[PDB]
Amino acid sequence: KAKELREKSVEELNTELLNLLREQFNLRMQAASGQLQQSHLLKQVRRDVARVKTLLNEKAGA
Amino acid sequence: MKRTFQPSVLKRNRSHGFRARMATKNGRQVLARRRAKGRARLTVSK
Amino acid sequence: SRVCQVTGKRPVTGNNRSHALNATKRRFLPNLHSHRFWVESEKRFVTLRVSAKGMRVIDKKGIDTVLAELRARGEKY
Amino acid sequence: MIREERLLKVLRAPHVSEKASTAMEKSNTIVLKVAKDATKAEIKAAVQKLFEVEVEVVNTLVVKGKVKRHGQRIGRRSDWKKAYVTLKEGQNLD
Amino acid sequence: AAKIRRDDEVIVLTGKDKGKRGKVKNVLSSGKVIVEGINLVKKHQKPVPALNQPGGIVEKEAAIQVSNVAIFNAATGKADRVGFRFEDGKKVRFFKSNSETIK
RNA sequence: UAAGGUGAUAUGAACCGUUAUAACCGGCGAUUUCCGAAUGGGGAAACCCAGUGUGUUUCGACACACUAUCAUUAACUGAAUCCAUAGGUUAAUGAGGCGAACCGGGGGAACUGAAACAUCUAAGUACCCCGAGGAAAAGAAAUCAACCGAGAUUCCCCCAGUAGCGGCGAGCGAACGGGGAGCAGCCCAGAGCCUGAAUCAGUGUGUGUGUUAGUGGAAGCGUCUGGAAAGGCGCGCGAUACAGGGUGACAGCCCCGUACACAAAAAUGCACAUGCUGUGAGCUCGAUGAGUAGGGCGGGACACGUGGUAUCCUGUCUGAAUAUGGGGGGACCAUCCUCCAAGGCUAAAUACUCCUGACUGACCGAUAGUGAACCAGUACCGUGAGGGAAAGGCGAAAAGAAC
RNA sequence: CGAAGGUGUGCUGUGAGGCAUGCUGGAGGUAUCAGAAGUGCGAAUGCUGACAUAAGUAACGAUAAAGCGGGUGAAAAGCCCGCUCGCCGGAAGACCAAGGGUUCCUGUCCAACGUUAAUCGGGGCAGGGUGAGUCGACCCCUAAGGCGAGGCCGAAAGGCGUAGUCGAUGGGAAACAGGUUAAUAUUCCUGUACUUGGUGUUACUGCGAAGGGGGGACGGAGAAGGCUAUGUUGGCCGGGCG
RNA sequence: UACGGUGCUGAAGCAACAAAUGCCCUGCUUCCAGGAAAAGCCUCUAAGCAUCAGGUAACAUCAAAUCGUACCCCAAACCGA
């Protein structure tokens, strides 16, 4: 997804990151209960977040 | 019968703990030696 | 530390030999002395822990020169 | 003022147990697993934002990890922070 | 640069199922393949209440060494060896005997 | 580079991926909690407590940066005290700590031997301390030699267990000279002319060649025994590849490789080539290292134990000449010969292996080999420094024994 | 078509030994003549492991003591329940510090551990459990003492020490009663309290420290007097009529 | 009534006497051997600031973080294998 997310603004990125974080939180909440029967999702979300962070760093002073 | 070891944590730490070891040159040397050996517990420190 | 500031004379080790040649370790300390030296240029006394040899050297050369040398060496006075 | 991002990270899970259940039912108090670094205020903030529910007070405690033995090898479970969060009267939590 | 792959029909050079043929089912990182119908073992499957397994003498396909199988060339009617070569900026396998590309 | 993947004990679950952002491998980046030199202050290491400033706030608070010490230089400030200096506050630069051995320096034992023991030996060893480098140190004759000559240092073989030293005991033990490895010479004590002239370091660029992923890489079938063939017996083929490892028993031709031939977007080592910054070459005139050389007293080093003892170093007290001069040639003198101390720099041959890769072994094969083939510096023991084990093998394949 | 190794047998050599072969074993061995040695073990109060002997012997860890009924169970002297009995009671009870670090509670299991059995356990496995403005630490302050910028001293390492900064075992703000869990409670809940900080206020109007002063701030023994904790008796209230 | 317990309910709830080694008492009396420190706390001003801040006054609001809290603790859990 990085090539797609690279074509964005800083503000845009930040919002996306926030959203991702929220999603992750939700997953965690679900995971703890017996709701989440799709574990890979959590793995994905974290990765996405990381990618976003990396992108942000690249943008701001690199 | 009052046996020799009469534990006290603070006393132990002050005596033998990491910071004490650091404080002196000989202590430092000891630490270094331990490291070289491969000790898991470098000091008395928990 | 017993070190002439002008000359650099430290203590050196050696032996006491007895009449039966019994070596025993000893030191040879330098003949140090703290002496106020008048510095004519700056118009003040500079105290220096110096050997008698150091003093002699100073006399020979001029205190100023000695001071300069010391400075060059990175030594406070 | 706690950062949104920080808040999201704070709260680890709901804690299911008899005691917890009792707390929920009788005293209107939810029992959460939270980050070990998460202070009380932060936790409260997280609760308010992320569950949308007024908080009366948060009590925290640190649970020490049990030492176990997997076959011959000894090994310790992690410490973790439990939080009893008391919700205001009439606050029903999903 | 792996000469045998998932969906290749192979012939067995050695063992109890030597001479027989079968499609490779899957290939393992250990340097062994599992081929369809070839190396069979009658495992005694231990029942478990969970996962809906009844438990019985199940005849399943054990692995075989990749070295023990060979890619079969349909044209020659025989086992062959595989070579590698670049056709149109892309690496492809070919039968050593007859020099034709694997497709 | 790919058709398979999501490290291991260790399956499963939920998934991703298959001609190219799945996974894997390599370059350059990003992230990099806390403790630790630990450096904002403190501290019972992985914890406690700040200050200042810049931004934000839903005004409850957040965030993130900086704040050690010393050295050096600079700026401002500044006592007794007039000027000054000490001191003080900032700023910049560097240092600090760790690390196997080797290296140089500062200190420095004893057991032991002498069939006792004190000189002597062990030994400038062990050990402690400081400092450095990929090597270090040494180094460009005030050196040897012998009236012939050699031509800085270092290292190897001789010289030679010689000459010597030595309670002339135990022991210690050269040099000259010869054969080799490698070889390199320069600058300042200073000013004149000429002005960018050799060389060196940092730093870009270019070329060559490595290194850090990789790619291709030959040729075998039948039959007998057998659980299985790579074995037997037949008949073939490859070989710049019969190194090695695996594969159901021993395989050149089944697999991985091997010989051989190729490969780098990116980073980077070493050679030369070249630009820029600093550095000054050649010429003439000189100048030619003083509390120094020597000496006395005391020690130490020289194979050399004070001896008839040259030479070097110096704790102590002295103290020249200064090239028409001075040093040395093993007491000392005379003659001759030979060199120019009291300022520096300097590659190579030499020393070592914590570590990386490749290959080898009349080396070990589980009481051996590392203490450690195994989750070992672990368990366990000890207040602590510290000590410190035992423990490998089902099968070809779990087909690990349903009922 | 069975290597080494293991184990029998037969033959053979003057001996160390050798050859052959049955069984076991399941993959290596190696003639000859040379070469090199970690080359031969019964002893070393040798070292390591294994296994004997004494011997089914001594002992089973305070002479506070048991008995029976029922339960569960494969099985009960030992576990659970009950009724008796006995022991401690300035402790063998209750609550802490130190030290330990999950031993707490529940379910479950009995190989090993428990000096016997064990259904039980401080044993195995799984899950649960520790809630603070006022308790303690942290924090502010210091003692003995430690470290210590500069500094003085010292071959080096380092020693001593000023300013300072650490250091409790001492000084420094504040909470009680009841109820509750299988397991926490001055921490949860119920009631009723207190503290010292900010911030904002209106009201007022001398505030301000690295300094001054007070205070904090203190020994042994003795003697009482006033009290309460607490206990006894009566009253009261509930129950009883053997 | 899952024989563990849970829910409701609830009388009197006084007096006298005795009484600590506990409290008043960091007191008092006495003795010689002559009995921590520093902060919190109260107070005084200096430099300062000056009609601002700061101080005390009540009242409102916010605040009190962090770590410990199980269990044993004269012992079968600590020091003695």
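Summary table
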item: Qualifying residue in segment A:51-58 (condition: among the aliphatic types (A, V, I, L, M), within 14 Å of chain D (Cβ to nearest Cβ), farther than 25 Å from D:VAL47 by Cα and in contact with an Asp or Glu (Cβ under 8 Å, 6 or more places away or on another chain)); result: yes
item: Inter-residue pairs, beta-carbon under 9 Å, first under 12 Å from E:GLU100 (Cβ atoms) and without any contact (Cβ under 8 Å) to a residue 60 or more places away in the chain and in segment E:74-89, second near RNA strand F (Cβ under 7 Å from one of its atoms) and not in a loop (DSSP other than H, G, I, E, B), 6+ apart; result: E:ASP80/E:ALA70; E:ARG85/E:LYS91
item: Matching residues in segment D:1-54 - criterion: being acidic (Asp, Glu) and either within 14 Å of another protein chain (Cβ to nearest Cβ) or in a strand (DSSP E or B) (or both); result: D:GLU4, D:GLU5, D:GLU52
item: Tally, over segment D:13-23, of residues that are exposed (fewer than 15 other Cβ atoms within 10 Å of the Cβ) and either within 14 Å of RNA strand H (Cβ to nearest atom) or in contact (Cβ under 8 Å) with a residue 40 or more places away in the chain (or both); result: 2
item: One residue from B:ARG28, B:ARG14, B:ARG19, B:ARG39 being away from RNA strand H (no atom under 16 Å from the Cβ), free of Cβ contacts under 8 Å to residues at least 12 places away in the same chain, surrounded by 10 or more Cβ atoms within 10 Å (Cβ to Cβ) and in a loop (DSSP other than H, G, I, E, B); result: B:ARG39
item: Cβ pairs under 6 Å, 6+ apart, first in segment C:1-24 and more than 6 Å from RNA strand F (Cβ to nearest atom), second of a type in the set (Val, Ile, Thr); result: C:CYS4/C:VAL50; C:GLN5/C:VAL50; C:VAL6/C:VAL50; C:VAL6/C:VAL57; C:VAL6/C:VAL66; C:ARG10/C:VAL3; C:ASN16/C:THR24
item: Single condition D:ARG3 does not satisfy, out of (1) within 16 Å of RNA strand F (Cβ to nearest atom); (2) of a type in the set (D, E, K, R); (3) closer than 20 Å to A:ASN26 by Cα; (4) touching a residue at least 12 places away in the same chain (Cβ under 8 Å); result: (4)
item: Residues satisfying the stated conditions in segment D:25-53, i.e. in contact (Cβ under 8 Å) with a residue 24 or more places away in the chain, away from RNA strand F (no atom under 13 Å from the Cβ) and over 12 Å from the mean Cα position of the chain (by Cα); result: D:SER27, D:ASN28, D:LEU50, D:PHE51, D:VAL53
item: Unmet requirement for C:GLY54, which otherwise passes all of (1) more than 16 Å from RNA strand G (Cβ to nearest atom); (2) small (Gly, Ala, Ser); (3) touching a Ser or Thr at 6+ places or on another chain (Cβ under 7 Å); result: (1)
item: Of all residues making up segment C:13-39, the number that are among the aliphatic types (A, V, I, L, M), within 9 Å of RNA strand G (Cβ to nearest atom) and over 8 Å from the mean Cα position of the chain (by Cα); result: 1
item: Residue list for segment A:25-50, filter: within 19 Å of D:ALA35 (Cβ to Cβ) and either of a type in the set (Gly, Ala, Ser) or more than 14 Å from every other protein chain (Cβ to nearest Cβ) (or both); result: A:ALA31, A:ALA32, A:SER33, A:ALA50
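Residue-wise test of (1) within 13 Å of RNA strand G (Cβ to nearest atom); (2) of a type in the set (A, V, I, L, M); (3) over 13 Å from the mean Cα position of the chain (by Cα); (4) within 14 Å of chain D (Cβ to nearest Cβ).
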| site | (1), (2), (3), (4) |
| --- | --- |
| B:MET1 | no, yes, yes, no |
| B:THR4 | no, no, yes, no |
| B:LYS11 | yes, no, no, no |
| B:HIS16 | yes, no, no, no |
| B:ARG19 | yes, no, no, no |
| B:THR24 | yes, no, no, no |
| B:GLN29 | yes, no, no, no |
| B:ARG34 | no, no, no, no |
| B:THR43 | no, no, no, no |
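Yes or no, residue by residue, for (1) near RNA strand G (Cβ under 7 Å from one of its atoms); (2) exposed (fewer than 10 other Cβ atoms within 10 Å of the Cβ):
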site	(1), (2)
D:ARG3	no, no
D:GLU25	no, yes
D:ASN28	no, no
D:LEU32	no, no
D:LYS64	yes, no
D:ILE74	no, yes
D:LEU87	no, no
D:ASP94	no, yes
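Read-outs throughout are calculated quantities, based only on the coordinates presented, and are distinct from any laboratory measurement. FYI the Cβ positions are ideal-geometry reconstructions off the backbone, even for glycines, and counts take in every protein chain you see.
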